[PDB]
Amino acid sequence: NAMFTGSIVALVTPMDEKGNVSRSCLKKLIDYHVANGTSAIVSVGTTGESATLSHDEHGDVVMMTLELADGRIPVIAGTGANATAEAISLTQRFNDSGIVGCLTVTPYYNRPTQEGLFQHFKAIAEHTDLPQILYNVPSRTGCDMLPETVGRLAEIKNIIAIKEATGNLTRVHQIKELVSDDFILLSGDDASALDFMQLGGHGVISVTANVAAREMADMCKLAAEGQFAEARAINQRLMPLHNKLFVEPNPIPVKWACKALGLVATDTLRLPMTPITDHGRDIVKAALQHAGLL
């Protein structure tokens, strides 16, 4: 479970000017994560523009990430969908594929009941052998998967973790009370992730890790070892990035930041995501200098 703990990068999907996926930028990013202690890469999640990649593109990008990784770092596939049949289909695409697990978000827009969530994730789980990381982010989905529901789903053998993005830190022990000792809790909120780990969480699926991979890996290791004062000093250096990478909707700011650091050639996104505004750019650039990255 080393691959499901610590600093896991919510990896950008780098694009050329046309919005086509850039293989050479992907190679650079993956090499960067291997070199700097990132525990694993989430491919085609939220920060990877899952929304504007086709069902097919999803597949290709994950397989490209897998190929470039070449066994040097674990890859987790983003496989969320708001229709259970589509989530199953996305999941089946990666059976026997070399990915180590899947990251699967609560259905968005249609606002299912907690029983609908249970049935959704149960069906997905039953259609694969792969480890499943649940993902709760009500600010994007309009659905809040409550702890009791997480508890029910944790009983399923291949439902192994949750990415809890609410920033509501009381959830850590609410979930822990209901699940086995080996169930994995991951922060989905960079600004509160160190707090989350100090309370008993096991890592973070991180946007900040895109541009501060070594610092994020170090902070998570320090936190795992109970060296909270030391972890906090790193967290303070990164706090402006934890906040300002969301000055405009993720991943607009983090793609610009990758560009500014030389990690990707362009910060192009696909509509409806837009290029960072001047005002946002100046703010991110300042945060990057506060962190000593630029």
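In this text, residue numbers run from 1 along the sequence as written.
*Asks:* Higher average CA B factor in the deposited record is what I'm after, so tell me if that's 181-189 or 89-97.
*Replies:* 89-97 has the higher mean C-alpha B-factor.
*Asks:* Pick between 218-226 and 190-198: the one whose mean CA B-factor in the entry is higher.
*Replies:* Looking at the recorded C-alpha B-factors, 218-226 comes out higher on average.
*Asks:* With respect to the C-alpha temperature factors reported in the PDB entry, which of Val254, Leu241, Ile41, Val44 ranks highest?
*Replies:* Highest CA B-factor of the listed options: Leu241.
*Asks:* Going by what the PDB entry lists, where does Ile8 fall on CA B-factor within its chain: lowest, middle or highest third?
*Replies:* Answer is lowest: the recorded C-alpha B-factor places it there.
*Asks:* By the recorded C-alpha temperature factor, relative to the other modelled residues in its chain, which third is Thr166 in?
*Replies:* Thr166: CA B-factor falls in the highest third of its chain.
*Asks:* Looking at the temperature factor on the CA atom of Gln114, which third of the chain's modelled residues does it land in?
*Replies:* Ranked within chain, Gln114 CA B lands in the lowest tercile.
*Asks:* With respect to C-alpha B-factor, does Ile156 fall in the lowest, middle or highest third of the chain as deposited?
*Replies:* Its C-alpha B-factor belongs to the highest third of this chain's values.
*Asks:* Taking only the Cα B-factors deposited for this chain, tell me whether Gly203 sits in the lowest, middle or highest third.
*Replies:* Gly203: CA B-factor falls in the middle third of its chain.
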